[PDB]
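Q: Submitted below is the structure of interest, expressed as structure tokens.
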Amino acid sequence: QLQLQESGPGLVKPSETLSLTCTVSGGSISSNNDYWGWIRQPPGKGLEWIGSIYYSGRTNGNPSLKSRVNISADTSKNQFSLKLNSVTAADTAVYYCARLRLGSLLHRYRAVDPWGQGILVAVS
Amino acid sequence: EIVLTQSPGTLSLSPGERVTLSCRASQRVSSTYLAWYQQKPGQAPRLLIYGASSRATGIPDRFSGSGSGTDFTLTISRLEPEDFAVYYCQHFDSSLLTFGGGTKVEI
Amino acid sequence: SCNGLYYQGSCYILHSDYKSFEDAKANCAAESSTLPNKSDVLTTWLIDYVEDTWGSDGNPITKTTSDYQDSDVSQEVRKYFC
Amino acid sequence: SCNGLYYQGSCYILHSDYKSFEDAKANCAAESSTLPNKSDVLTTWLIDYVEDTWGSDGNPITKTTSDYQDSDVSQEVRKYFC
């Protein structure tokens with residue numbers, strides 16, 4: 001049982017920074033075999049991968065957003081957070097915090113099985 | 001870089017038939033990277049197939065996957081009422097992750 | 001001095017052909033061997049190799065000391081050691 | 001004794017953490033060791049363990065001669081054996 005829960009505001013103003021934090025219950029973010037990522041779905045559109053993080057500190061992000069994404073991880077509080085600056089009205093969407101599984105040496109599991117409930121963020 | 005295109009945007013099917021959903025890749029992509037997800041309205045996506053052939057835990061035997069190279073297919077033999085949802089094909093390689101446009105199963 | 005992993009005498013031999021739990025146990029018994037026990041591998045380096053591989057208890061080996069039991073492992077296929 | 005695999009006097013130690021190619025090379029140099037050579041492990045039993053693991057050639061070790069050449073792989077991260 002590994003559950004992911006999202007917390008943050010849903011009233012981000014234009015030209016400001018979002019603050020979303022996902023906390024995991026039933027597991028430890030220190031998992032050598034899994035990354036922890038954020039994926040945003042605009043309302044009634046396809047999914048988009050907005051970033052990922054490794055417990056060590058390595059960050060990978062989609063180039064179109066690479067400039068504006070600053071993901072962070074805190075192992076002691078067991079929380080991983082996303083910060084998106086210079087927001088624009090096109091960013092309104094439901095944001096999911098998921099676990100990007102890479103798999104063990106012998107078992108290869110390339111997929112995001114556990115997803116959070118998701119948090120909807122809009123703009124003024 | 002890698003873009004996955006799902007040619008059929010929507011499909012019309014009555015319950016019980018077999019449905020094949022196709023995902024194509026701009027460049028050759030290994031099977032282990034591909035995955036197939038399902039998403040109902042108002043709910044988070046749930047993994048259906050990983051590796052293009054392996055069923056996730058709890059996935060019925062109806063769902064199956066096949067293909068290679070630049071063409072992969074997800075086949076559902078029996079379409080129960082629950083199976084009607086959006087289906088996504090994903091490419092992951094421990095690096096940039098890409099998602100398909102999605103295909104909706106309706107009547 | 002065996003073709004696998006050595007820890008405190010016991011030798012672990014990898015089988016790369018995906019098999020169910022019952023088939024894995026049958027093969028291991030046919031080779032005069034038994035599947036690894038979770039207790040002996042949880043706190044040792046062997047875990048890094050035997051993660052997501054079958055165990056004697058009937059569930060895949062996972063690092064967590066206590067985890068929710070899916071109980072649907074019947075239809076899963078994974079590699080095994082013995 | 002070697003805490004991992006053994007094959008004609010070469011002890012292979014796994015590093016579970018995912019890292020890039022240059023990071024793997026630097027870490028290997030730190031421990032006075034070098035990454036596995038593809039030719040050294042192509043026909044032997046170690047391959048099943050080393051699959052999808054970095055090699056000295058700069059690409060993942062794959063048993064099949066076929067490889068997805070002309071594709072940038074420097075941005076990827078994989079386990080390394082040394």
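Starting from 1 in every chain, residues are counted up; chains themselves are A, B, ... following the order of the structure tokens, and ligands are numbered from 1 as listed.
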Give me, as JSON lines, the closest atom pair and its distance (Å, one decimal) for every residue of chain D within a cut-off of 10 Å of chain B, counting only C-alpha atoms, rows sorted by chain and rising number.

A:
{"residue": "D:18", "atom": "CA", "partner": "B:94", "partner_atom": "CA", "distance": 9.4}
{"residue": "D:68", "atom": "CA", "partner": "B:28", "partner_atom": "CA", "distance": 8.1}
{"residue": "D:71", "atom": "CA", "partner": "B:27", "partner_atom": "CA", "distance": 9.9}
{"residue": "D:73", "atom": "CA", "partner": "B:95", "partner_atom": "CA", "distance": 9.5}
{"residue": "D:75", "atom": "CA", "partner": "B:95", "partner_atom": "CA", "distance": 7.0}
{"residue": "D:76", "atom": "CA", "partner": "B:95", "partner_atom": "CA", "distance": 5.7}
{"residue": "D:77", "atom": "CA", "partner": "B:94", "partner_atom": "CA", "distance": 6.3}
{"residue": "D:78", "atom": "CA", "partner": "B:94", "partner_atom": "CA", "distance": 7.9}

Q: Go ahead and dump the residues you just picked, C-alpha atoms, as a short mmCIF file (atom, residue, chain, number, x, y, z; two decimals), in the first residue's frame.

A:
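again12.cif, freshly written:
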data_model
loop_
_atom_site.label_atom_id
_atom_site.label_comp_id
_atom_site.auth_asym_id
_atom_site.auth_seq_id
_atom_site.Cartn_x
_atom_site.Cartn_y
_atom_site.Cartn_z
CA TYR D 18 20.92 5.06 -10.90
CA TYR D 68 19.60 1.45 -31.43
CA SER D 71 20.35 7.72 -30.60
CA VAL D 73 22.00 7.92 -24.66
CA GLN D 75 21.01 11.69 -20.97
CA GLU D 76 19.90 8.29 -19.63
CA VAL D 77 20.61 6.78 -16.22
CA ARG D 78 21.15 3.08 -15.49
#

Q: At a cut-off of 8 Å, using only C-alpha atoms, what residues contact residue 15 in chain A? Leave out same-chain residues fewer than 2 positions from it and give the result as JSON, numbers by chain.

A: {"A": [13, 17, 85, 86, 87, 88]}

Q: Could you list, as a PyMOL selection string, every residue of chain D that has an atom within 12 Å of an atom of chain A, counting only C-alpha atoms?

A: chain D and resi 14-20+23+47-53+75-81

Q: For the structure I just gave you, how does DSSP split chain B - specifically, which residues are strand (DSSP E or B)? Reply as a ChimeraX atom specification.

A: /B:4-5,10-12,19-25,34-39,46-50,54-55,63-68,71-76,86-91,98-99,103-106

Q: The selected residues should be written to file as a PDB file, in the first residue's frame (atoms: C-alpha atoms).

A:
ATOM      1  CA  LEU B   4       3.607   8.788 -30.140  1.00  0.00           C
ATOM      2  CA  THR B   5       0.596   9.290 -32.411  1.00  0.00           C
ATOM      3  CA  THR B  10     -12.592   7.965 -31.222  1.00  0.00           C
ATOM      4  CA  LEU B  11     -14.141   4.539 -31.769  1.00  0.00           C
ATOM      5  CA  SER B  12     -17.732   3.280 -31.759  1.00  0.00           C
ATOM      6  CA  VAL B  19     -11.196  -3.700 -29.921  1.00  0.00           C
ATOM      7  CA  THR B  20      -7.650  -3.074 -31.144  1.00  0.00           C
ATOM      8  CA  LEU B  21      -6.055   0.285 -30.314  1.00  0.00           C
ATOM      9  CA  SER B  22      -2.929   1.279 -32.236  1.00  0.00           C
ATOM     10  CA  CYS B  23       0.019   3.404 -31.108  1.00  0.00           C
ATOM     11  CA  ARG B  24       2.769   4.430 -33.530  1.00  0.00           C
ATOM     12  CA  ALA B  25       6.213   5.860 -32.785  1.00  0.00           C
ATOM     13  CA  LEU B  34       6.000   1.158 -24.034  1.00  0.00           C
ATOM     14  CA  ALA B  35       3.019   1.125 -21.686  1.00  0.00           C
ATOM     15  CA  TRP B  36      -0.772   1.298 -21.981  1.00  0.00           C
ATOM     16  CA  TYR B  37      -2.931   3.203 -19.482  1.00  0.00           C
ATOM     17  CA  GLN B  38      -6.684   3.648 -19.038  1.00  0.00           C
ATOM     18  CA  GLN B  39      -8.494   6.710 -17.662  1.00  0.00           C
ATOM     19  CA  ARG B  46      -4.569   3.274 -13.917  1.00  0.00           C
ATOM     20  CA  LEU B  47      -1.838   1.132 -15.439  1.00  0.00           C
ATOM     21  CA  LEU B  48      -3.136  -1.592 -17.752  1.00  0.00           C
ATOM     22  CA  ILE B  49      -0.073  -2.964 -19.585  1.00  0.00           C
ATOM     23  CA  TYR B  50       3.646  -2.392 -19.033  1.00  0.00           C
ATOM     24  CA  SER B  54       2.677  -7.703 -19.260  1.00  0.00           C
ATOM     25  CA  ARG B  55      -0.574  -7.182 -17.381  1.00  0.00           C
ATOM     26  CA  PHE B  63      -6.572  -6.781 -21.882  1.00  0.00           C
ATOM     27  CA  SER B  64      -3.530  -7.860 -23.872  1.00  0.00           C
ATOM     28  CA  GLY B  65      -0.753  -6.152 -25.787  1.00  0.00           C
ATOM     29  CA  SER B  66       1.467  -6.878 -28.755  1.00  0.00           C
ATOM     30  CA  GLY B  67       3.622  -5.230 -31.394  1.00  0.00           C
ATOM     31  CA  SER B  68       7.138  -3.934 -31.860  1.00  0.00           C
ATOM     32  CA  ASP B  71       3.575  -0.131 -34.138  1.00  0.00           C
ATOM     33  CA  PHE B  72       2.021  -1.459 -30.932  1.00  0.00           C
ATOM     34  CA  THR B  73      -1.510  -2.682 -30.309  1.00  0.00           C
ATOM     35  CA  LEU B  74      -3.703  -3.126 -27.241  1.00  0.00           C
ATOM     36  CA  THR B  75      -6.493  -5.661 -27.749  1.00  0.00           C
ATOM     37  CA  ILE B  76      -9.518  -6.046 -25.476  1.00  0.00           C
ATOM     38  CA  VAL B  86      -9.740   6.843 -22.617  1.00  0.00           C
ATOM     39  CA  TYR B  87      -6.623   4.821 -23.450  1.00  0.00           C
ATOM     40  CA  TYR B  88      -3.091   6.232 -23.552  1.00  0.00           C
ATOM     41  CA  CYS B  89       0.197   4.861 -24.887  1.00  0.00           C
ATOM     42  CA  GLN B  90       3.327   6.009 -23.063  1.00  0.00           C
ATOM     43  CA  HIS B  91       7.058   5.901 -23.792  1.00  0.00           C
ATOM     44  CA  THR B  98       6.033  11.022 -23.621  1.00  0.00           C
ATOM     45  CA  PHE B  99       2.295  10.343 -23.679  1.00  0.00           C
ATOM     46  CA  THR B 103      -8.383   7.188 -27.879  1.00  0.00           C
ATOM     47  CA  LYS B 104     -11.904   7.226 -26.449  1.00  0.00           C
ATOM     48  CA  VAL B 105     -14.123   4.135 -26.511  1.00  0.00           C
ATOM     49  CA  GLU B 106     -17.813   4.987 -26.925  1.00  0.00           C
TER      50      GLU B 106
END

Q: Taking only C-alpha atoms into account, find every residue of chain A that has an atom no more than 10 Å from chain B, and write it out as number ranges by chain.

A: A: 34-35, 39, 44-52, 60-63, 94, 96, 98, 100-102, 108-118

Q: Would you save the residues of that selection, restricted to C-alpha atoms, as a PDB file, in the first residue's frame?

A:
ATOM      1  CA  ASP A  34      11.625   4.657  -8.525  1.00  0.00           C
ATOM      2  CA  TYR A  35      11.561   8.337  -9.449  1.00  0.00           C
ATOM      3  CA  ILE A  39       2.196  15.092 -14.633  1.00  0.00           C
ATOM      4  CA  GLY A  44     -10.427  17.773 -21.388  1.00  0.00           C
ATOM      5  CA  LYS A  45      -7.052  17.250 -23.079  1.00  0.00           C
ATOM      6  CA  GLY A  46      -4.196  14.776 -23.184  1.00  0.00           C
ATOM      7  CA  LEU A  47      -1.613  14.195 -20.493  1.00  0.00           C
ATOM      8  CA  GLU A  48       1.674  16.081 -20.286  1.00  0.00           C
ATOM      9  CA  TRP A  49       4.725  15.202 -18.189  1.00  0.00           C
ATOM     10  CA  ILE A  50       5.881  18.284 -16.295  1.00  0.00           C
ATOM     11  CA  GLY A  51       8.810  16.758 -14.451  1.00  0.00           C
ATOM     12  CA  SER A  52      10.505  14.145 -12.310  1.00  0.00           C
ATOM     13  CA  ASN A  60      14.635  15.859 -15.367  1.00  0.00           C
ATOM     14  CA  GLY A  61      12.022  17.989 -17.097  1.00  0.00           C
ATOM     15  CA  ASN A  62      10.294  18.480 -20.407  1.00  0.00           C
ATOM     16  CA  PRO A  63      12.317  21.042 -22.405  1.00  0.00           C
ATOM     17  CA  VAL A  94      -5.222  18.995 -12.828  1.00  0.00           C
ATOM     18  CA  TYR A  96      -0.935  14.524 -10.436  1.00  0.00           C
ATOM     19  CA  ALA A  98       3.013   9.867  -9.495  1.00  0.00           C
ATOM     20  CA  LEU A 100       7.806   6.702 -12.174  1.00  0.00           C
ATOM     21  CA  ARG A 101       8.915   3.112 -11.664  1.00  0.00           C
ATOM     22  CA  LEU A 102      12.170   2.039 -13.294  1.00  0.00           C
ATOM     23  CA  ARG A 108      11.926  -4.047 -15.425  1.00  0.00           C
ATOM     24  CA  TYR A 109       8.828  -1.968 -14.627  1.00  0.00           C
ATOM     25  CA  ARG A 110       8.779   1.162 -16.811  1.00  0.00           C
ATOM     26  CA  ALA A 111       5.469   2.818 -15.930  1.00  0.00           C
ATOM     27  CA  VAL A 112       3.699   5.024 -13.384  1.00  0.00           C
ATOM     28  CA  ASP A 113       1.431   2.680 -11.443  1.00  0.00           C
ATOM     29  CA  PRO A 114       0.470   4.800  -8.396  1.00  0.00           C
ATOM     30  CA  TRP A 115      -1.164   8.174  -9.059  1.00  0.00           C
ATOM     31  CA  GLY A 116      -2.408  10.786  -6.639  1.00  0.00           C
ATOM     32  CA  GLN A 117      -5.966  12.046  -6.559  1.00  0.00           C
ATOM     33  CA  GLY A 118      -4.841  15.222  -8.306  1.00  0.00           C
TER      34      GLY A 118
END

Q: List the spatial neighbours of residue 4 in chain D as a JSON list (two decimals) with N, CA and C atoms, in the first residue's frame - criterion: any atom at most 10 Å away, only C-alpha atoms, same-chain residues fewer than 6 positions off excluded.

A:
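selection_26.json, freshly written:
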[["chain", "number", "residue", "atom", "x", "y", "z"],
["C", 4, "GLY", "N", 26.71, -18.25, -9.63],
["C", 4, "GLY", "CA", 25.66, -17.41, -9.06],
["C", 4, "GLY", "C", 26.17, -16.58, -7.91],
["C", 5, "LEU", "N", 25.32, -16.45, -6.89],
["C", 5, "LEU", "CA", 25.62, -15.64, -5.72],
["C", 5, "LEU", "C", 25.85, -16.55, -4.52],
["C", 6, "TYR", "N", 26.92, -16.29, -3.77],
["C", 6, "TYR", "CA", 27.29, -17.08, -2.60],
["C", 6, "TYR", "C", 27.13, -16.22, -1.35],
["C", 7, "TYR", "N", 26.38, -16.73, -0.38],
["C", 7, "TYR", "CA", 26.23, -16.07, 0.91],
["C", 7, "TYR", "C", 26.06, -17.14, 1.98],
["C", 45, "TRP", "N", 23.02, -7.79, 1.23],
["C", 45, "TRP", "CA", 23.14, -7.19, -0.10],
["C", 45, "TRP", "C", 22.35, -7.98, -1.13],
["C", 46, "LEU", "N", 22.15, -9.28, -0.90],
["C", 46, "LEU", "CA", 21.45, -10.11, -1.86],
["C", 46, "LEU", "C", 20.12, -9.49, -2.28],
["C", 49, "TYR", "N", 19.69, -7.87, -5.63],
["C", 49, "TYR", "CA", 19.60, -8.76, -6.78],
["C", 49, "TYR", "C", 18.27, -9.49, -6.84],
["D", 11, "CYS", "N", 36.04, -9.53, -9.53],
["D", 11, "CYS", "CA", 34.94, -9.43, -8.58],
["D", 11, "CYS", "C", 34.08, -8.23, -8.96],
["D", 12, "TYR", "N", 32.81, -8.49, -9.26],
["D", 12, "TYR", "CA", 31.88, -7.46, -9.70],
["D", 12, "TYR", "C", 30.97, -7.08, -8.55],
["D", 13, "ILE", "N", 30.93, -5.79, -8.23],
["D", 13, "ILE", "CA", 30.14, -5.25, -7.13],
["D", 13, "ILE", "C", 29.07, -4.34, -7.72],
["D", 14, "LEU", "N", 27.82, -4.56, -7.33],
["D", 14, "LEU", "CA", 26.71, -3.78, -7.86],
["D", 14, "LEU", "C", 26.57, -2.47, -7.11],
["D", 81, "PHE", "N", 27.84, -1.81, -12.72],
["D", 81, "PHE", "CA", 28.45, -2.92, -11.99],
["D", 81, "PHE", "C", 29.94, -2.66, -11.80],
["D", 82, "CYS", "N", 30.29, -1.98, -10.71],
["D", 82, "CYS", "CA", 31.68, -1.91, -10.25],
["D", 82, "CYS", "C", 31.77, -1.09, -8.97]]

Q: Grab the CA of residue 33 in chain C to CA of residue 55 in chain C distance for me, in Å with one decimal place.

A: 12.3 Å

Q: Can you work out the spacing between CA of residue 43 in chain D and CA of residue 64 in chain D in Å, to one decimal?

A: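 These atoms are spaced 10.8 Å apart.
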
Q: Using only C-alpha atoms, which of C:41, C:60, C:2, C:54 sits nearest chain D?

A: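 Among C:41, C:60, C:2, C:54, it is C:2 that comes nearest to chain D.
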
Q: Could you find all residues in range 9-67 of chain C that DSSP calls alpha helix (DSSP H) from the backbone, and write them as a list in words?

A: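 For range 9-67 of chain C, the alpha helix (DSSP H) set is residues 21, 22, 23, 24, 25, 26, 27, 28, 29, 30, 38, 39, 40, 41, 42, 46, 47, 48, 49 and 50 of chain C.
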
Q: What gap, in Å, lies between CA of residue 35 in chain D and CA of residue 67 in chain D?

A: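 Between these atoms lies a distance of 19.3 Å.
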